[PDB]
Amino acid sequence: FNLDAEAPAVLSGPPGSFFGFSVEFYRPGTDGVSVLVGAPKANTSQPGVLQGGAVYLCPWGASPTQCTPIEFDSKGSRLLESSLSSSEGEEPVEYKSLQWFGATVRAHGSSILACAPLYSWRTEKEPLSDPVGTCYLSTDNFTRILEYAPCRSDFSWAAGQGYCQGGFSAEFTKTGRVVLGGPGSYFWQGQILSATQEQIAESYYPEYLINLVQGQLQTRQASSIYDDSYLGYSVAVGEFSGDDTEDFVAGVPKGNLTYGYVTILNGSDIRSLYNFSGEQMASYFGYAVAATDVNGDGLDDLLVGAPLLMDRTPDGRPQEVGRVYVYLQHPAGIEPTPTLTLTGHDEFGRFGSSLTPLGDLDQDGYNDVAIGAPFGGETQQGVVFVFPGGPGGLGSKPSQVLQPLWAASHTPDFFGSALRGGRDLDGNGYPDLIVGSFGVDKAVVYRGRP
């Protein structure tokens, strides 16, 4: 409720670049804080690459120009090794055009992960169009950059990891371990992959496209009855296993007859610990997930978004409003059924499409939560709701409601489709919120006050 909603700072990217599709805090030291903004439709200087996508670095202290692009990869699409001579024709081996690089953006310390969920290649054998996805990892503050495409393997096509789309979702652990979601592995069963920055580096070898990180953790293929589950559609991290190694929270939005479910995996050996089911068919239970302690007891609590949750009005009319489910963790474990639920009020508003912990916004000893409804509001420009944590979890009513100040253009703003909080960039001792709105290629940052 203390967020300076009346005077937020606005960032602007190139038109039609989906600037603000992904947002993140960056701090390679207490001094030199910056805001990262993904723009997966941005054109780049890469030769022969149409709209490769780009990530922007926006240092605090705007004047004159804040944002500039991080050059992860200056090279265009590489050529097929076994076809440069050939008869006639030089075939590209990979396809970086329309790869949506910067669709996902995450950072930890002086490390930056940026993913291209629609990157695809051919393989050095039979011609395919496998969207394996790829990621670029910047470490030690840009002094070296590594490509990481753990789905680009020997196992091609849909039956394998060909359509994995690794990087569709991603996250860092509090120790800097990389965690990727790929919802397309094994005929869209989905998959979670994870490696430490060290393992990725100690096996890096650009000459051979198919890289194999030694010691990589990854879920395995199941029987065909699990096809079309989209495991790894969303991802989060938190401690749920009673140790000091953070665990992997992963959405499986189309699992169990499309009722969907969320799963929690043991952070050490990626084995299953919990399962939580949706309550309505095709509500996309698992569209977004998050983990944070919302009642000040030390134990991280689970949050799940189902933005297509349909409900009935008092006068007997159905309506798509969306809903968010909150499961509290106890010393004994976690109850299979939600502790509380938050429901949207705007039809088609997609309440719960985005979630983020905010930390303790008001310094009242309880962490708070922001929930986005990208099509809420009287003009469907999008809305972000702030909910306060307390003795008994999240409050029923939101403490604050952030709406865009600009007028509604002829296309949606998607305000609140991408969120990120829990970091005090200005250093006033109060956490700050970064709200994206890629619909009009803008990204907003809100600032807390005492």
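From 1 onward, residues are counted along the sequence shown.
Gaps at residue 412 occur in none of the other compared entries of the protein that contain both adjacent residues, all of which model it rather than a third dropping it. Across the other entries compared, none leave residue 43 without coordinates where the residues on each side are present, so it is far from a third. With 306 to 314 and 247 to 255 compared on mean CA B-factor from the PDB entry, the stretch scoring higher is 306 to 314. Look at the C-alpha B-factors of 226 to 234 and of 73 to 81. On average they run higher in 73 to 81. You'll see in the entry that, of 421, 416, 38, 47, the Cα B factor peaks at 47. In the deposited coordinates, the residue among 293, 126, 239, 279 with the greatest CA B-factor is 126. In the deposited entry, the Cα temperature factor of residue 206 places it in the highest third of its chain's modelled residues.
When all modelled residues of the chain are sorted by CA temperature factor, residue 336 is found within the middle third. Among the modelled residues of its chain, residue 365 has a C-alpha B-factor that falls in the highest third, as given in the PDB entry. Ranked by Cα temperature factor within the chain, residue 183 sits in the lowest third according to the deposited record.
Ranked against the other modelled residues of its chain, the C-alpha B-factor of residue 21 as given in the entry falls in the lowest third.
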